[PDB]
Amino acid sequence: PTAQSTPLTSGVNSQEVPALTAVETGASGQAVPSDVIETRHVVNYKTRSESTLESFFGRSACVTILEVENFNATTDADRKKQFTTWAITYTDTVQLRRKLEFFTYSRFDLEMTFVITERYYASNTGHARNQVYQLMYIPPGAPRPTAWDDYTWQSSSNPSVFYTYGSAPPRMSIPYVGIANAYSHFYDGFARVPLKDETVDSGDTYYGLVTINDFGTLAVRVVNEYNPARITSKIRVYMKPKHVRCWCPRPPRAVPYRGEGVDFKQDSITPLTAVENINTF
């Protein structure tokens, strides 16, 4: 299937007036060039292949950067650097989020890919053997680690991937896991109804998708015990929506995000650059 060909047409002198309409109806303009000019025949062999939803979304996008370290930790703060936990979301970054938010609702499987990088913290503390990483998906309710070597990492039921530094970026598919019939990109509501004369706090409650969304937690550790040389790591998380359906198109984000909601920032709500005059080519 191709985009529209142009038919051979000459002029008109007619009570048929395709150039006029009434957009008050909620209909967009419909007229095409053959309605208002003399046209030649042009066969259109060109297709809209690359603007299908699958084509538009068919990219692995970075959604977050996580940090983990491997060293001899002697303080609570340093023990907490030996592993990391991250609430799974696309709202840490802006690019994939903005593309998804052309739509109100979506349904897709997810390809997740990871890029893992290291550097030496210092040069005077010898070397470090090649590191193995554990990335554990903790679904809502499953116990979260409090130490890099606690019982949770045995991962009998949670899916884990063990990644060997220098190997191909690890990758796995996630089904459409939504508890509704589609994912909601926008939710105009609350998680509960506050009732007349209840003692529950109404002063510090939130609004929208943040009150209801929970895709669980990614937990990452270096499996190796400490070397004399401290190693610091970054884990870049990539998402590609595949087998995509979307519903109810929206105007795209016009101004910077300032969090997980639709809120905007007072110093960043002037996207247009003023033109010199209404008559500026």
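Heads up: residue numbers just count along the shown sequence, starting at 1.
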As the entry reports it, the stretch among 203 to 211 and 159 to 167 with higher mean C-alpha B factor is 203 to 211
Of 67 to 75 vs 107 to 115, the stretch with the larger average CA B-factor in the entry is 67 to 75
Residue 241: C-alpha B-factor third of its chain, per the entry, is the middle
Of the three thirds of Cα B-factor ranks in this chain, residue 137 occupies the lowest
By the entry's values, the third containing the CA B factor of residue 256 is the middle
By the entry's values, the third containing the CA B factor of residue 174 is the middle
For residue 148, the third of its chain by CA B-factor is the middle
